[PDB]
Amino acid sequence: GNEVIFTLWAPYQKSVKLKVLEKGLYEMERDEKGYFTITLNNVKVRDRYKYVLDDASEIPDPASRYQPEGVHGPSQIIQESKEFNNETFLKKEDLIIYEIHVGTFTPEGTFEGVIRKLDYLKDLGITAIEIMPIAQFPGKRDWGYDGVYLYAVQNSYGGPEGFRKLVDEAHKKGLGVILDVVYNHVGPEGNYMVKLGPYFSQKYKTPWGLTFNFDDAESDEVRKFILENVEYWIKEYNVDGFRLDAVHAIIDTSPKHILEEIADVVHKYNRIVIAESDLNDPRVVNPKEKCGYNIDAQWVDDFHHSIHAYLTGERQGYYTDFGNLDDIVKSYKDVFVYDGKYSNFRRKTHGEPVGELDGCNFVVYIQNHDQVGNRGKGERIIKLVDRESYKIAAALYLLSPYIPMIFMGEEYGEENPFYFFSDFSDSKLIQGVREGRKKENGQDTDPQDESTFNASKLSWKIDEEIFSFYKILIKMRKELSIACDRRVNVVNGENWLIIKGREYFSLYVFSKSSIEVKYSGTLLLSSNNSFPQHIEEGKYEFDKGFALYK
C-alpha cells in the first residue's frame, strides 16, 4: 500500500507529536532507547511536516530528505525508489577527479548547470566529478560545510530531483560522481538536534562547531544516523563514492572506529571512499589486517604545499613547514613530507611513514576549494606564479603516481578568485564569521555580501594554450600508465628536476640551467617550443619550462 513510517530519535523529549501541515497532529509512540514512531496511512509525496516538542515548539525532521523553505522551514516527503547498480564502473586506478562547487560552477548555479557542462568535462578526460557538500545549509550561498540536514539535498541547487538527474546523466556519459560529506561537525544555524538528544560530543569539539558523539553515552543511535546517511546516498542517489570532510576531526575511542565502519558500508555496496586527513597517518588508508580503516585514498596536502611554497616563495601559516625543492622530491617519493619529523607550524612531531602503499591510496592537487578559498584574497595559484611555473605545477601533479584532482576552472586558466562566502540569517553568526574571516584569513571582502559569491563564479573565459595543455597532460597520464606506480626515479639540481617512470621521463626546469640527462626519448608534450623533438643522453642548457618524453 501507500502508508509510511515516521521515525524520530529524541531521548531528551518526554512526548513528541507529528504535524502534517494540511492534516492533523498525531501522537507518537515512545520506546526504551528514546525513539518516537508512528505509521500513517494517509501520507503522500509530497506533504510537508514538522515535529512538535514538549516545548510545544516546532522543528524540522533532522533526518529530512528535502527542506523546500530552507533550514528553518518545514520538511517535505520525497519519492523513495531505491534504484542503484550494485557496482560502480569507476576503477580507482583510472581516477581523475574534478572538484565542483554547484553554486559557482555555472551562471545557473544549479545541478542543471553542471549537467550542461558534462560533455566538456568528459572531453577533457576527467573520469569523476567531486561535488562539494549538498546537505541543506542556510540560504543559498555557502561552500556546503555549514550544511545542517545530512539527508536533504540543497533546495536552491535544484533539490533531490536535480541531484538525482545529475548522477543519472553523469553515468550516461561515462562519468562518476563523488559526494563530499561532512560527519565531523554540523552547521551553526538551523541545527535542531541539540534539543532532541546527545547527538553532539560533550568531550571536545571542532573549529567549525559542535562535533558528533560516537564513543560516549547514547552514541549507538548517532552512529546509526551517520552510517545510514552513507547508505542513503548510495541507495537513493546511486552515487559512486564519497569524499569525507576532515576525518582528523572525527574522534572515536570505540573498539571499532567509525571511519572503519563508514568504509565497511561503502565497500559493502562496492563504492569508493576518499578521506581528507590532516593526520599524515597511513592508518586511515591501510588495510584492516594492517590496522587501518581501509579508506580507499586520502588527500595529501604535503604534495600541494611542497609545490606551492616552492613556486610562490610564500611561508605564511602552514607553508612555513615547506619551501624547498627537496620537499617536492620527498613528497614525490615518500608521499608525506612530514612522516614523523618535527613541524614548526604544529610545534610537534607529525606523521608516520607510508610504507609500500601504492600511489592510488592518495589524491593530490595544486588547487582546491581550501587552498584557494582559505586565502584572504582567495587568489587562485595562477595569480601567484608565472605562466611557466603554472604549467610546471600542473605537470607535476597530473603526472604523479597519485590520484590527481583538478579544481573547477584550473584547467582553462581561470583567473577569478574563489572567496569564502556564507548566507546565514542569524545576525550573531553573521557578526562572528565576518570578524572570524577577517582575523584568521585576512579576508577584506564581506562573506555575507552577495558580490563576494558572484565574484567567485567561474568566468569560463577559456585560455586555449593552457586548456590544450591540461587535455594532453591527462591523455598522456593514461597512455603512459603513470597511475599508482610509485617506482619513479627522481634527480634534482639546484633549480631543476627530472622524474623518470617506467615509460616516461619529465624535465622540470624552474630556472635556466645546465642539466645532465641520462635518458633517450621522443617529446610528448612541452610548456615551450624550446625542447627537442628527440633527445639523447647528454648535457643540455634549458630555459625555464617543462617537457615530457616517451
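From 1 onward, residues are counted along the sequence shown.
Higher mean CA B-factor, judged across 330-338 and 443-451 from the recorded values: 443-451. Taking only CA atoms, the mean B-factor in the PDB entry is higher for 425-433 than for the other of 425-433 and 374-382.
The residue among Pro107, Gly73, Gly359, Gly351 whose C-alpha atom has the highest B-factor in the PDB entry is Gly73. The residue among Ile499, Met28, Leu524, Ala483 whose C-alpha atom has the highest B-factor in the PDB entry is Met28.
Among all modelled residues in this chain, the alpha-carbon of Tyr49 has a temperature factor (C-alpha) in the highest third. Ranked against the other modelled residues of its chain, the C-alpha B-factor of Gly197 as given in the entry falls in the highest third.
Among the modelled residues of its chain, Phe510 has a C-alpha B-factor that falls in the middle third according to the deposited record. In the PDB entry, a CA B factor belonging to the middle third of its chain's modelled residues is recorded for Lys475.
Among all modelled residues in its chain, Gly209 ranks in the highest third by Cα B-factor.
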